Amino acid sequence: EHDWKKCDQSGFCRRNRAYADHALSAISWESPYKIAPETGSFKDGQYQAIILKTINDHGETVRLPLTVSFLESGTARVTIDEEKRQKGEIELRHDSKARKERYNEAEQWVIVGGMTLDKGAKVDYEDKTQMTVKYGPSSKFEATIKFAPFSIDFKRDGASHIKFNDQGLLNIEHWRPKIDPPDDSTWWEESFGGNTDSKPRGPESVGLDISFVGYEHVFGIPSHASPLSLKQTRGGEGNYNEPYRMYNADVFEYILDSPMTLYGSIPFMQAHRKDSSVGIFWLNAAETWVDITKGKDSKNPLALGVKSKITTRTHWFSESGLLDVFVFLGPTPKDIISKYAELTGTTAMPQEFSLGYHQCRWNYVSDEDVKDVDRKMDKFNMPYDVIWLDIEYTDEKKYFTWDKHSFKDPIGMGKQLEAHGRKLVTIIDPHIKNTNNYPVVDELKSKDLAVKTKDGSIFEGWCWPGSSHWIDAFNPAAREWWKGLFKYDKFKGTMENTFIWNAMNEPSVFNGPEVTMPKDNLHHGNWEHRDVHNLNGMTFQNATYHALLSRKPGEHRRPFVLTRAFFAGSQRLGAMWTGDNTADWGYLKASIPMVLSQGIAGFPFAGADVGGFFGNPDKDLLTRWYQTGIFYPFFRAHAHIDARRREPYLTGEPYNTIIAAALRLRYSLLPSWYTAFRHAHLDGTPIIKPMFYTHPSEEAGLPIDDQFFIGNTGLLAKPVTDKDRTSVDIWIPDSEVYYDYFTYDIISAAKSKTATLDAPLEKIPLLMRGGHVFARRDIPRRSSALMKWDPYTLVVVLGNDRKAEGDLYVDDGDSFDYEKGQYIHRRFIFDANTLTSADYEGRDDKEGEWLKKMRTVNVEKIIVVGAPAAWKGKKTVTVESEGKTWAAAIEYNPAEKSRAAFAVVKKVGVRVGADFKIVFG
Ligand SMILES: OC[C@H]1O[C@H](O[C@@H]2[C@@H](O)[C@@H](O)O[C@H](CO)[C@H]2O)[C@H](O)[C@@H](O)[C@@H]1O
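Dropping the structure here:
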């Protein structure tokens with residue numbers, strides 16, 4: 033039975049909430065923080081200065097240095113530190129060796145670019161009340177710094193969009209000694246969950262109010278079982294009462310519709326309205342809470358006599374470290390997320406197989422179980438790419454071992470899978486069993502690679518194996534060590550098709566407070582665990598990522614690693630999933646806003662356990678779950694140890710047939726999924742896209758989180774996620790023509806609206822937007838690897854303009870050769886009765905081995921949906937490619953009831969890597 037801190041039980045949460053209550057209550061609250069104007073200098077894209085915080089009635093002050101940066105991107109950055117702790121002029125309690133300064137290495141872990149300062153940014157106006165800086169593209173952005181009381185105001189297009197400290201909630205808890213008097238009851242030791250945090254530094258939280266001016270919707274800060282449009286947190290009907298929490302934790306049977314923390318945290322929030330978008334990124338690795346309220350601008354937000362325009366007020370606070378925030382002014386969603394990704398990284402190029410279907414449970418119990426499941430999937434014509442081994446494969450929960458009784462020949466199991474280009478994934482968690490005759494633990498201790506307690510002893514606690522120690526992946530040497538442990542000749546029973554799953558990396562500690570480590574544990578650098586908690590997961594995933602780059606000499610290849618816990622930047626390192634969900638309809642429905650929130654926070658490679666993890670889903674739920682799951686960028690079935698076997702072939706008819714069809718759709722679209730990952734790699738474009746992203750001009754889109762577009766395809770999905778539903782209402786975003794993917798029925802033309810669509814169990818509700826081209830592979834195979842050289846079908850979807858565009862990206866799916874241009878990237882354009890293929894980047898024609909072999913690979917088929925009538929009774933198209941011209945057969949099919957006119961060209965016979973031109977009509 034799990035115990036979680038509510039705000040009031042977290043000391044620094046209580047104090048910041050109470051500081052907010054006081055400020056909103058008080059008459060003429062002023063933030064007791066001022067820039068000393070004469071400390072101010074602007075140079076070379078950067079203001080620096082000293083804020084003075086007034087700490088008492090007597091006017092005594094402390095010095096907090098302020099750094100405001102204006103980046104070339106047109107992002108700004110605001111940092112506040114504490115001068116006394118920069119200089120070491122404090123004393124820790126208990127003779128702690130913990131670092132005196134404010135944690136300042138989050139940047140190091142997270143930021144990989146976009147830091148170049150804009151020398152074209154400049155002071156427009158100054159005096160000794162305030163200064164305004166102009167920055168970003170042709171100086172369209174303004175920041176007005178106010179000195180007294182400190183505030184910042186971020187503007188563009190003649191208005192404030194984001195304000196810092198307008199409510200006067202700035203709070204840097206300055207260091208103080210523990211002294212009896214000449236409410237401090239949460240300042241020092243705090244007890245929770247069987248543990249007492251010694252709290253050697255005392256109070257050190259950082260907080261700020263950030264207002265989004267004229268914005269009614271905000272989004273991000275995953276992961277939460279919450280809508281995509283975030284709720285208010287200060288009570289009221291359909292609101293929460295607690296702030297949103299980010300404190301990566303192992304939350305057994307986490308509930309729906311809640312601001313409680315889950316397993317990963319990305320403190321990035323965006324605000325969206327019609328044709329305007331902004332956002333912020335709160336770069337802090339400590340426990341972080343976010344309150345959100347919405348109302349009028351007046352101090353009483355329900356007052357009469359004022360403008361009705363809504364502002365969203367947010368109140369951010371973290372336990373320790375710097376106050377460090379980035380500000381994005383957009384003005385589109387695409388802009389914001391694109392800039393965020395320049396800072397924190399784009400999605401890594403994935404292993405192509407990892408977009409396939411993954412089959413998992415706790416546990417497959419032998420190598421015979423695995424090999425039998427493999428054969429059963431082929432027998433029932435259910436394609437999949439990966440079979441997964443959970444923790445029972447180990448020798449008594451020791452990582453880098455196998456149970457010999459149960460897994461006799463892991464190499465042989467390996468090789469059966471390799472017969473179909475399939476892969477094996479095996480779990481490795483960060484806890485190392487504290488036992489005898491275990492070289493891994495000996496090396497961990499002796500090399501000093503383990504996480505430590507508050508007095509420098511090696512931390513010990515309980516997880517799967519019993520007593521355990523934890524690798525300290527913040528330590529570069531622990532990462533270098535770890536890399537060694539995964540070589541094929543070192544990690545026996547693994548081979549080239551073996552990849553890795555990290556869980557329990559929050560870290561999960563069974564006997565620990567909130568199932569994690571004490572706050573006063575110590576890491577490499579002597580940082581407290583409180584400083585770095587939300588980075589821990591990602592440190593561990595990073596270590597594992599780099600271990601898979603090269604596992605034998607001459608190997609250099611893309612890792613695939615699934616993580617449970619994560620942070621900003623984890624997108625560079627692999628996939629995630631939403632942890633231990635439950636086999637129930639509510640969880641299926643909730644999966645979609647969660648997965649969407651992931652990608653709009655820059656970490657799109659995301660999914661939830663298909664079927665739900667806890668319990669036994671009914672057969673219709675499981676079937677629906679496959680129909681949703683084929684639209685997760687990470688698509689894996691998984692099941693708890695007490696759950697019945699539910700490998701998909703066990704479901705029974707008619708469900709087997711329906712689930713097989715879902716799988717085949719996923720596989721057929723694999724070329725378009727892969728292309729969407731490509732874009733995610735190139736500029737952080739989400740893989741599936743909410744309406745607010747694709748249609749920033751459509752106000753009615755803002756709260757919608759149960760449908761989405763796929764990549765660049767124009768495919769609009771809305772899976773059924775309610776019990777016994779046999780139809781679905783799809784919001785049509787705009788006036789373009791939308792076609793049923795299966796029948797080509799015209800659903801809407803001409804007008805935005807809600808359209809009703811037949812949706813029985815056997816139906817996947819999926820629409821094709823006019824204006825788009827996308828590629829698929831129609832030939833069914835048993836895995837993605839066996840699709841590698843099959844021909845493509847292009848679908849050209851036309852509206853009234855009879856124009857479209859789309860794209861296709863391909864490469865070997867495995868190497869870093871894409872970095873030297875070993876790839877095919879096609880842009881397809883439909884215009885004036887002509888489909889053309891050109892290089893996406895406009896490269897001229902040096903061919904490696906994969907590219908050479910692609911010469912045998914063709915577009916063989918083109919389907920045109922919404923074909924124009926003037927094609928009626930024309931029997932050929934003209935095809936040109938690589939100097940050669942020919943005719944190919946086309947059949948035109950006239951419209952018929954609500955079904956569209958379409959046309960089909962078979963046997964196109966043009967190689968996918970070359971320019972081409974096809975003239976219709
Ligand atoms: O490795 C086995 C599973 O571990 C994790 O799940 C846990 C869950 O199964 C349950 O037993 O409770 C503990 C404590 O909260 C959880 O950590 C993974 O999330 C799961 O995917 C694995 O199958």
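Here the sequence shown stands for residues 33 to 214, 236 to 898, 902 to 977, numbered as in the entry's author numbering. All residues carry an ideal CB built from backbone N, CA and C; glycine is no exception.
Return yes when the Cβ of residue j is within less than 8 Å of the Cβ of residue i, no when it is not.
| i | j | result |
| --- | --- | --- |
| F544 | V478 | no |
| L723 | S836 | no |
| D633 | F688 | no |
| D198 | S238 | no |
| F619 | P403 | no |
| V960 | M821 | no |
| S954 | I799 | yes |
| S276 | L202 | no |
| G622 | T397 | yes |
| residue 232 | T164 | In the model shown, the chain runs from 214 to 236 with nothing in between, leaving residue 232 without coordinates. |
| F245 | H34 | no |
| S780 | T807 | no |
Is residue i near ligand 1, in the sense that its beta carbon is under 7 Å from a heavy atom of that ligand?
| i | result |
| --- | --- |
| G977 | no |
| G632 | yes |
| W415 | yes |
| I480 | yes |
| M299 | no |
| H458 | no |
| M570 | no |
| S623 | no |
| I87 | no |
| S561 | yes |
| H484 | no |
| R617 | yes |
| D303 | yes |
| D35 | no |
| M557 | yes |
| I444 | yes |
| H693 | yes |
Identify, in the order they occur along the chain, each residue of the same chain with its Cβ nearer than 7 Å to the Cβ of residue i, setting aside the five sequence neighbours on each side.
| i | result |
| --- | --- |
| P560 | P483, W523, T569, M570, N589 |
| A951 | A957 |
| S419 | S459, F460 |
| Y410 | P436, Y437, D438, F688, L716, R719 |
| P64 | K85, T86 |
Excluding the 5 residues flanking residue i on each side, which residues of the same chain have their C-beta closer than 6 Å to its C-beta?
| i | result |
| --- | --- |
| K392 | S105, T107, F381 |
| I817 | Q680 |
Quick one: what does DSSP say residue i is sitting in, helix, strand or coil?
| i | result |
| --- | --- |
| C516 | strand |
| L601 | helix |
| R689 | strand |
| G682 | helix |
| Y640 | helix |
| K424 | helix |
| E395 | helix |
| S788 | coil |
| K349 | coil |
| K806 | strand |
| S780 | strand |
| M402 | coil |
Leaving out the 5 sequence neighbours to the left and right, which residues in its chain are closer than 8 Å to residue i when beta-carbon positions are compared?
| i | result |
| --- | --- |
| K360 | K349, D350 |
| query | Any chance the segment 653-669 sits against the segment 781-798, with 3 or more Cβ pairs inside 8 Å? | reply | Too few Cβ pairs lie closer than 8 Å, so no.
| At least three beta-carbon pairs within less than 8 Å, the segment 150-169 to the segment 367-374 | The way I'd put it, the segment 150-169 doesn't touch the segment 367-374; fewer than three beta-carbon pairs between them come closer than 8 Å.
| said: Would the segment 823-843 count as touching the segment 464-477 if we require 3 or more Cβ pairs under 8 Å? | reply: Segments in contact, yes.
| said: I want to know whether the segment 280-296 touches the segment 238-255 - three or more CB-CB distances under 8 Å. | reply: These segments do not touch.
| query | Do three or more CB pairs link the segment 799-806 to the segment 824-836 at distances below 8 Å? | reply | Fewer than three Cβ pairs drawn from the segment 799-806 and the segment 824-836 lie within less than 8 Å of each other, which leaves the two stretches out of contact.
| request: May I ask you to verify whether the segment 415-434 touches the segment 375-390, counting CB pairs closer than 8 Å and requiring at least 3? | output: No, the segment 415-434 does not touch the segment 375-390.
| Does the segment 628-643 come close enough to the segment 285-296 to have 3 or more Cβ pairs within less than 8 Å? | Counting Cβ pairs under 8 Å, fewer than three are found: no touch.
| Segment contact flag, the segment 34-53 with the segment 315-335, C-beta cutoff 8 Å, min 3 pairs | With the cut-off at 8 Å, the segment 34-53 and the segment 315-335 do not touch.
| If you pair each beta-carbon of the segment 641-660 with each one of the segment 749-765, do three or more pairs fall below 8 Å? | Taking 8 Å as the limit for Cβ pairs, the verdict is that the segment 749-765 does touch the segment 641-660.
| task | Decide if the segment 966-976 is in contact with the segment 862-882; the criterion is three or more beta carbon pairs, one per stretch, under 8 Å apart. | result | The count of Cβ pairs closer than 8 Å, one atom from the segment 966-976 and one from the segment 862-882, reaches three, so the stretches are in contact.
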